[PDB]
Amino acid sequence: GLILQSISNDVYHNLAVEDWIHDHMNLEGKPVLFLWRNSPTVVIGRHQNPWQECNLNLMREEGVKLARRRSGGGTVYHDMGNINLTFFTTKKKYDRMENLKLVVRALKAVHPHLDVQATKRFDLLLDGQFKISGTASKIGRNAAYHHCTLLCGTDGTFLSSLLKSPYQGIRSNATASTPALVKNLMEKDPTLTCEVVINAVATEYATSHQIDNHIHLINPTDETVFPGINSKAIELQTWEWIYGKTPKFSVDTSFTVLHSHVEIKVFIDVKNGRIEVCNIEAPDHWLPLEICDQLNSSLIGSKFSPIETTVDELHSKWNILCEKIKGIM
């Protein structure tokens, strides 16, 4: 076996490590535990819709990153109070429940008789009620990996707010997340910091696999240790990967503009993250049909993105309309 810990807090490089080990490491008789922490990041599953899963506006104005991982499943929040664990094995040795049991041992080592259980859907629940860990996994040609979270000191009130989407009128068959009551380990026992739990998990893994209790710190940007890793990190951070992989969806919504008032109806089909069909319908007593048709036509093929939409009475109405549209992206 082998225990690695990333020195980086950049989700995209840390995910690239997963890709890399998956692609390049011989895991036969040598499983790998990989420990990592990210800066503030919402991580959606492979087949998810981020407009459906999080408050993107609040994320942008707080500097919270969005990443899409290669495994399926739901949406979680990562910050420095959260530990990520990746158990790499051969496909034959893929065993999610074995890994979760190992984590339970580790937690009990630093807090004897901690009430943490693993459920059938691979969550870890604290005191039979509160989610402290969620699981996903990926199978490849040469390897399997199981990764999970571990909430030690994560901003729980901030977590809940970032994962509450304000986007209305979305019709999609993208993968849904499963909301849960969560808790931190440090809420139960203030000694269970990330550092303490990381060490506890490494120690347990070392004993379980009969290897030296040594964490090898690794640099996920090092092309000499990990040839080709920076191209993986680039791909993972492309708009095409993060947003463009979103399953087909439609938006059917409206908003009101002061004038009394005027209601504008918005019908937008979004495919591959790009505006495939666009019909913004303003009352022709407020804005000429040709002007709305201009706006609809210019949006076609454009990215469903609040950036790629910015670029006397009518000009003022246009701006109000553009800003409302920006606000749903």
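In case it trips you up, residue 1 is the first one in the sequence shown, and so on.
- Counting the unmodelled positions of the deposited sequence between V311 and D312 gives a long gap of 10 or more residues.
- The deposited sequence places 1 to 3 unmodelled residues between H259 and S260.
- The deposited model assigns a higher average Cα B-factor to 225 to 233 than to the other stretch when 225 to 233 and 78 to 86 are compared.
- Look at the C-alpha B-factors of 31 to 39 and of 260 to 268. On average they run higher in 260 to 268.
- Comparing the C-alpha B-factors of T175, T149, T238, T193 in the entry, the top value falls on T193.
- Annotation for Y94, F255, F249, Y243: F255 ranks highest, by Cα B-factor.
- Per-chain ranking of the deposited C-alpha B factor places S133 in the lowest third.
- Looking at the C-alpha B-factors along this chain, the one for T203 belongs to the middle third.
- Compared with the other modelled residues of the chain, the Cα B-factor recorded for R60 ranks in the highest third.
- Among all modelled residues in its chain, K164 ranks in the middle third by Cα B-factor.
- In the PDB entry, a CA B factor belonging to the lowest third of its chain's modelled residues is recorded for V11.
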